[PDB]
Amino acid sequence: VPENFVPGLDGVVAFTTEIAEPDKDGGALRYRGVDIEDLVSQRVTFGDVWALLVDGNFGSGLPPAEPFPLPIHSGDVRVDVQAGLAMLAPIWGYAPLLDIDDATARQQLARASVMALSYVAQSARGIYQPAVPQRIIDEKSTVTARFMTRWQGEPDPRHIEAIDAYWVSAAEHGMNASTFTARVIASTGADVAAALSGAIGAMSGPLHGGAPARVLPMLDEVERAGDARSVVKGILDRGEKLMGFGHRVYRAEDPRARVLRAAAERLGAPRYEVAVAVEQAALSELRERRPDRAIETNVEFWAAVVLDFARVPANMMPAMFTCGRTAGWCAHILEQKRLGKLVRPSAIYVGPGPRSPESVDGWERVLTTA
């Protein structure tokens, strides 16, 4: 029965999707056939990209969020939004996916998705300040602009452009751990709120990947010393590894990594000059010691640079990656609804054979009732 496998569903095919195509051999990423570089160059906001991934066409963007203050204060922004979403079903009357039509599910997904963004902004601002007045928030026109106003009060317009570019680049990247979890839960017929809450739990894992790298301390060493090449040699020669660089993912430079770097220069990020020097120094030394391996910059390197430019703390960066990915999660949940197939793999028992209760270690220490 062992059948000499490798564990972990590694390379197994489970679905056929029409949503998006990460073309790693061609070095491009397309949402419903549209390239990201085209979307960003044409100044398309995140609210409309959400509809494109879910519906398959433009036309009905993300609606404004509605007044509803956050009821969870745990000190961890991931926990606040994970628990807050699950509580929406009773108050708003969300039925199981098995009992509603496609149109109702689409509207429920949009209503809950924009509410999750509102929660993150409230949690970041904290309970030790009064809330931003609603009339001020209503002055803005786009969903992304509302998020920065609810958080910062008087945000910089350049910082709003940076956030809107990052969210587009992270909306959907195929089948990963969190996307798989959302589809598995939805296959059981549960309401949409439960599926989104469960996906956030999977996102919190360190091994999920895609979270902004811990390059902020490294960029501080170069800032003081004034020589980027010296610091890179020092980290490598004391047995450590470089944060933000490693093996290739695409054939070459990640399309997401290129657009983020272009945004940093275009908007005039103060820390841009130091960031470029670090990238050049790191690649020269890494490729010089192993001239046989393909070494390329991680997209997470430039994500940290952009988010820091918009005044995002380090302890808030994982939440920002969650906000953008809601577009991909909602699109896959709706596709899984129409499929109507439960997900259930199998397993093989290789444990002990039959035995009596008294033959197990510790039976002398148990008490039985009369």
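Counting begins at 1, following the sequence as shown.
*Once you work out the mean C-alpha B-factor for both 245 to 253 and 84 to 92 from the entry, which is higher?*
According to the PDB entry, the answer is 245 to 253.
*Between 212 to 220 and 265 to 273, name whichever shows the higher mean Cα B factor according to the PDB entry.*
Between 212 to 220 and 265 to 273, it is 212 to 220.
*Out of 292, 156, 161, 101, which shows the largest CA B-factor listed in the entry?*
Answer for 292, 156, 161, 101: 292, with the highest C-alpha B-factor.
*According to the deposited entry, which of 111, 140, 78, 233 has the largest Cα B-factor?*
Each of 111, 140, 78, 233 was compared by C-alpha B-factor; the highest is 233.
_Ranking the modelled residues of this chain by C-alpha B-factor as given in the entry, is residue 41 in the lowest, middle or highest third?_
Middle third - that is where residue 41 ends up once the chain's C-alpha B-factors are sorted.
*Please place residue 30 in the lowest, middle or highest third of its chain by C-alpha B factor as given in the entry.*
Ranked within chain, residue 30 CA B lands in the middle tercile.
_Among the modelled residues of this chain, does the Cα B factor of residue 181 put it in the lowest, middle or highest third?_
Its C-alpha B-factor belongs to the lowest third of this chain's values.
*Determine, from the deposited record, the chain-internal third of the Cα B-factor for residue 336: lowest, middle or highest.*
Its C-alpha B-factor, which the entry lists for residue 336, ranks in the lowest third among residues of this chain.
*Would you check the entry's CA temperature factor for residue 106 and let me know if it's in the chain's lowest, middle or highest third?*
For residue 106, whose C-alpha B-factor we compare with every modelled residue in the chain, the answer is the middle third.
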